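To start, the structure under review is shown below, and the notes come after it.
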Amino acid sequence: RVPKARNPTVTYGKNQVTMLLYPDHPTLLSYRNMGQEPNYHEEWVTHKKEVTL
Amino acid sequence: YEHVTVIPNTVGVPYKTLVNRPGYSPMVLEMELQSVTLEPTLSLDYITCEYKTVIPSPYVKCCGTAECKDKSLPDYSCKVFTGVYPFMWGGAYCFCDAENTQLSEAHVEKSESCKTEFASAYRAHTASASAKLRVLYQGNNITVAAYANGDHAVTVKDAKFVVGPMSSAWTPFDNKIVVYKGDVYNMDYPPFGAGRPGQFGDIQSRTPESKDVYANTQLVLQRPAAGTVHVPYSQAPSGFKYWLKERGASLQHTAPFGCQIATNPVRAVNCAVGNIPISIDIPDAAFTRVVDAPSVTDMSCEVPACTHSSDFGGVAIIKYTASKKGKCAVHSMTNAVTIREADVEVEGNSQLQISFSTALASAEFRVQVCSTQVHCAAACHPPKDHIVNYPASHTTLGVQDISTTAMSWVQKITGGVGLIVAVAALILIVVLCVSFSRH
Ligand SMILES: *[C@@H]1O[C@H](CO)[C@@H](O)[C@H](O)[C@H]1NC(C)=O
Ligand SMILES: *[C@@H]1O[C@H](CO)[C@@H](O)[C@H](O)[C@H]1NC(C)=O
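From first to last, the protein sequence lines stand for chains P and D.
Position one of the first sequence corresponds to residue 267 (the authors' numbering), numbered consecutively onward.
Position one of the second sequence corresponds to residue 1 (the authors' numbering), numbered consecutively onward.
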């Protein structure tokens, strides 16, 4: 058995998404584009942090 | 009656088509795609797992010289050392204080755990395809399932369906793949019989039940320490353990076009590429004659609201006068506007209501209800929400779709400039003709 993570806070803007994360222990974040070019990215998160995409 | 249509490869969006047969009332069908699956053909090459080392007890011979013979076991080694003087818990082992020797040997085998923890290498070939559909037929939902090529036919309620072939041959798998407990990787594994001492493929076998094992690890025996009985050695560590700690991201998280991956059996689902043609054969008893269907004689249209969002943001009201009670179909005559409703019930003198969605800034379109047509027009506003969680239900725009006020301004500027050229040219023609005639 493995645990599951807490919900983040999401706000909206013109062609962008802003997220605020609340980690308790190291967690992995990843995203990709759908379509012809995936543009993969990967990052480990160990403390409170804010990101824009 | 045979009918042919083309449907784009998008999941979760309904589409409609019109069937028109002379002498009969028109009919409208609705179709929606639920899943598409690809499945390749696979062949096994070899498997890998962890290894074990076997060391039997040393042989100590005092006041003499020993020797060893060759054997056929994998990675076999023997060596003889001189000048040894071993001890035990009660005192020295042998009486002689010189001319003693020691013999040591070892070889490599396959671990017992290979029946549970292993990885397998495959070679892939051309894949097949399958699809499943939902069709709205005479007021009921029916489901069909078939292969996505022209070599299969199915019959449901006396209707025959044939689907495929697909427009594209794109696949997310290469020639060489590797599978381990639900993950698929693209990797160029080394040839059989050509392994490496510290990378993937040091131990190779053809099947978990086989007895032949190939090994290419390094094994060198070293000198024992003074006063001790033991068999020391040097060897490169296992390569299978190293791969597990640094294998990286799987194919599911990196593949393009939004495909999903499953492994038992290996499949890829919901890749949005290409389009799929469809053919349907409708029997004669399903049609209704034009003389039995009701007739509608007078119409008018009004549009109280429009917002060109990604959802159904329109409403329309149409007035009609009907000759008798019955059923009727509704279908749009333009490509940029889509109408949700499929049919209506008409009686007496009343009105009906519909909904539509479009991307146009200024909306003009025609609506057909039981062989007559009406003209509608209205103006539309933009929305306020920036981001949503579902795809659009309308098609894209071209260069010809421009607001009516914008087109008016283009006409005045272009026309005005052109007149100045027109008047200037007439003066030139006259002057040359006069000069020609005077001479
Ligand atoms: C379950 O165990 C059997 C042998 O005991 C093995 O063949 C199989 O791969 C195992 N499955 C998983 C998911 O570990
Ligand atoms: C089944 O048909 C009804 C109309 O009678 C329709 O509203 C419904 O969406 C259909 N089922 C599905 C799963 O679409």
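Even for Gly, the Cβ is constructed at its ideal location relative to N, Cα and C.
(request) Return yes when the Cβ of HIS331 of chain D is within less than 8 Å of the Cβ of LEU44 of chain D, no when it is not. (result) no
(message) Counting only C-beta atoms, is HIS125 of chain D closer than 8 Å to chain P at any point?
(response) no
(request) Mind listing the chain D neighbours of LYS280 of chain P? Cutoff is C-beta to C-beta under 7 Å, in chain order. (result) The contacting residues are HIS386.
(request) Please go through the same chain and pick out, in chain order, the residues whose beta-carbon is closer than 6 Å to the beta-carbon of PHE356 of chain D, but skip the five residues on each side of it. (result) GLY314, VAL337 and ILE339
(request) Could you name the residues of the stretch 277-305 of chain P whose beta carbon sits closer than 8 Å to any beta carbon of chain D, in the order they occur along the chain? (result) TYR278, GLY279, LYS280, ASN281, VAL283, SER296, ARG298, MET300, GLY301, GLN302, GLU303 and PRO304
(request) Give a yes or no on whether the minimum CB-CB distance between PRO256 of chain D and chain P is below 8 Å. (result) yes
(request) Return no unless some Cβ of chain P is closer than 8 Å to the Cβ of residue 440 of chain D. (result) Residue 440 of chain D is absent from the structure shown; chain D starts at 1 and stops at 439.
(request) Could you please go through the chain and list the residues whose beta-carbon is closer than 7 Å to any non-hydrogen atom of ligand 1? (result) Qualifying residues come out as D:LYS115, D:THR116 and D:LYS181.
(request) Have a look at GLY201 of chain D and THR254 of chain D and give me their C-alpha separation to the nearest angstrom. (result) 25 Å
(message) According to DSSP, simplified to helix, strand and coil, what is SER332 of chain D?
(response) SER332 of chain D: strand per DSSP, three-state reduction.
(request) Scan the stretch 221-251 of chain D for residues whose Cβ lies nearer than 8 Å to a Cβ of chain P and list them as they occur along the chain. (result) Taking 8 Å as the Cβ-Cβ cut-off against chain P, the residues of the stretch 221-251 of chain D that qualify are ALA249.
(request) Could you please give the first and the last residue of the uninterrupted beta strand (DSSP E) stretch that includes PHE436 of chain D? (result) Taken as a continuous stretch (DSSP letters only), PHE436 of chain D belongs to no beta strand (DSSP E), being part of the alpha helix (DSSP H) at 404-438.
(request) Would you check whether ligand 2 has a heavy atom nearer than 7 Å to the C-beta of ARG340 of chain D? (result) no
(message) Shorter than 7 Å, the distance from the beta carbon of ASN9 of chain D to the closest heavy atom of ligand 2, or not?
(response) no
(request) Would you grab the beta carbon distance between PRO283 of chain D and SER323 of chain D for me? Rounded to a whole angstrom, and I think it's under 8 Å. (result) That belief does not hold up - the Cβ atoms of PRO283 of chain D and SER323 of chain D are roughly 28 Å apart, past 8 Å.
(message) Short of 8 Å in beta carbon distance, which residues of its chain neighbour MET333 of chain D, apart from the five on each side in sequence? Order them along the chain.
(response) Excluding residues up to 5 positions away in sequence, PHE365, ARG366, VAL367, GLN368 and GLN373 lie with their Cβ nearer than 8 Å to the Cβ of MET333 of chain D in the same chain.
(message) For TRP310 of chain P, list the residues DSSP reports as bridge partners.
(response) P:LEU294
(request) Kindly indicate the opening and closing residues of the beta strand (DSSP E) around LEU38 of chain D. (result) Counting along the chain, the unbroken beta strand (DSSP E) around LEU38 of chain D starts and ends at 27-39.
(message) Nearer than 7 Å: is that true of the beta carbon of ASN141 of chain D relative to any heavy atom of ligand 2?
(response) yes
(request) Using a Cβ-Cβ cut-off of 8 Å, state whether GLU309 of chain P counts as contacting chain D. (result) no
(request) Locate the alpha helix (DSSP H) running through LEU18 of chain D, then write down its first and last residues. (result) Careful: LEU18 of chain D lies outside any alpha helix (DSSP H), inside the beta strand (DSSP E) at 15-19.
(message) As an exercise, report each continuous beta strand (DSSP E) stretch of at least 3 residues that is fully enclosed by the stretch 180-225 of chain D, in chain order.
(response) 183-186 and 219-221
(message) Within the continuous beta strand (DSSP E) that includes residue 453 of chain D, where are the two ends?
(response) This structure leaves residue 453 of chain D out entirely; chain D is present only between 1 and 439.
(message) Suppose contacts are defined by Cβ-Cβ distances below 8 Å. Is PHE257 of chain D in contact with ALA236 of chain D by that definition?
(response) no
(message) Quick check: does the Cβ of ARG247 of chain D come within less than 7 Å of any heavy atom belonging to ligand 2?
(response) no
(message) For the pair the stretch 258-269 of chain D and the stretch 35-53 of chain D, tell me if three or more CB-CB distances fall below 8 Å.
(response) yes
(request) Entirely within the stretch 326-376 of chain D and at least 3 residues each: give me those beta strand (DSSP E) ranges in chain order. (result) Whole beta strand (DSSP E) segments, 3+ residues: 326-332, 337-339, 343-346, 349-354, 356-358 and 362-369.
(message) On the criterion of 16 or more Cβ atoms from any shown chain inside 10 Å, does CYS370 of chain D qualify as buried, or is it exposed?
(response) buried
(request) Run the proximity test for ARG134 of chain D: is its beta-carbon closer than 7 Å to any non-hydrogen atom belonging to ligand 2? (result) yes
(message) Just to confirm, is the Cβ distance from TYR51 of chain D to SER238 of chain D under 8 Å?
(response) yes
(request) Give the secondary structure of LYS69 of chain D by DSSP, where H, G and I count as helix, E and B as strand, and everything else as coil. (result) coil
(request) Compute the Euclidean distance between the alpha carbons of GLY23 of chain D and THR288 of chain D, then round it to the nearest angstrom. (result) 9 Å
(message) Rounded to the nearest angstrom, what separates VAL410 of chain D and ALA425 of chain D at their Cα positions?
(response) 23 Å
(request) Please report how far the alpha carbon of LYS181 of chain D lies from the alpha carbon of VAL13 of chain D, in whole angstroms. (result) 34 Å
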